[PDB]
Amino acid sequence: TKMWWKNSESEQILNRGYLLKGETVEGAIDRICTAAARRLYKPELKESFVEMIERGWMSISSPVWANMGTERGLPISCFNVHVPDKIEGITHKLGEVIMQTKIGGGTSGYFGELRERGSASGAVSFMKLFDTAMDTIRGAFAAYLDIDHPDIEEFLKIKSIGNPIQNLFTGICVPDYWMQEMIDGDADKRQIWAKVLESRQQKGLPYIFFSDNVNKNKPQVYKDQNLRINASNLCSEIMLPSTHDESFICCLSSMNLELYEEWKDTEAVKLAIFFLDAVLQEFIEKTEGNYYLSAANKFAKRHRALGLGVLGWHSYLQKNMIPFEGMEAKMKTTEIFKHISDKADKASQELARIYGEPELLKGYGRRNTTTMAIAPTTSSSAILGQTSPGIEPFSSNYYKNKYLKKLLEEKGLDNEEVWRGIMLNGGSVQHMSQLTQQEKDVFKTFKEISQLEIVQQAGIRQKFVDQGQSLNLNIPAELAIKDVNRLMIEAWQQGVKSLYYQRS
């Protein structure tokens, strides 16, 4: 039913700059969908886009909420810059980041091309400029450096107590050759690797970018033109190439898997892709002339990369009494992601038939170099009935899990005593004698789930996503370091493109 999700909790979230002054939620949706349909030259689709958002089938990112339909607002907030080895290029890209930040953007940069310290200052030294800019202009920037870069040891110290860089997030780009030589017993590399694992234990960072997994499994067109993906974005799910004159940019939205059964046999995915192509077009037309957004503008025009994701994956499982671990979720992963990716692919081909291929995709038959990417969706999930975030399982059942509630009522046990016990057991229900192993397994939390199973599921999911997926792992501190190491290796070997924060 329409607007089922709009309550006091979601209204509060939306009042933090999702809505213009004097605007109702319904009014905002109408503003946004009117604009999307105008950019497609198809005002008839307006009501279909409205229905999708009102029914909560598709959530839209916050920059879309706030900016789409306004005269000057930019409805994208995901940028990356390639940072050249010359001071003039660094200076230009510092500008890009400054202006990208100003308009509300999340930002990121690849620094692997920069000279090491003592050459005819170093890569880390220049990251201080970007650090200061973040402190100056509520911004977020992720710096990416290769693991076989000479300044890696310096790079890993970022966000330590004492370290002059406190504002930058970090990710490291780890190629296959480096990984194998480390397994085969390279002592230099193992000490670096132990430092990485040590850093991720302590601070949650850096993110891991598996360079060869990313480039192995990217759109054919990027292989044919030899455009390398060197790094990811702030949340580590975007997998696009940035160059001296092209800064990658992506529009995000998510399909709500909790309501999969409602929308799976409609044109929902198709309209989501049409919608995202519209958002991109609005960005493109609004940034013609903007000096510092030129490289972003130019990427958008040539690639038209889209990033349609998901949320409520755990919620969908729990709604169907499928446990997160085991074979049934894996096969269901294959069912849903084969279905969505296929439909997203066809939508992109349809877009090419109507609007034509952009310059990079001439002869390739599709409008968008990429269609799908799975973002964290922390806010969209909360907006949309406190659904599970992205493809991440719920941390807790009580911090009150809707599908656990209804189960407990069926058994009679929906009382304050049971919930008090759940609270004392940290949101777990694994202590409860009144639940079968099957029921316990469905309502296991992030902690209690096998991290190995999460990685295996990620691997299967990745085959249907042309970009990446924000993948958090919850590894206790008490869990041995040798076992953390096996978990990384498994992720790498099963084709996982990246790892996000490490929780504990």
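The first residue of the shown sequence is 1; numbering continues from there.
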{"query": "Gap size, residue 88 back to residue 87 (deposited sequence, no coordinates)", "finding": "none"}
{"query": "Average Cα temperature factor in the PDB entry - higher stretch of 25-33, 435-443", "finding": "435-443"}
{"query": "Stretch with the greater mean C-alpha B-factor as recorded in the entry, comparing 66-74 against 468-476", "finding": "468-476"}
{"query": "92, 301, 159, 82, ranked by C-alpha B-factor: the highest one", "finding": "159"}
{"query": "Out of 367, 223, 314, 406, highest CA B-factor residue", "finding": "406"}
{"query": "CA B-factor placement of residue 452, once the chain's modelled residues are sorted into thirds", "finding": "highest"}
{"query": "Third of the chain, ranked by Cα B-factor, where residue 348 sits", "finding": "lowest"}
{"query": "Assigned third (lowest, middle, highest) for the C-alpha B factor of residue 282", "finding": "lowest"}
{"query": "CA B-factor ranking of residue 214, expressed as a third of its chain", "finding": "lowest"}
{"query": "For residue 398, the third of its chain into which the C-alpha B factor falls", "finding": "highest"}
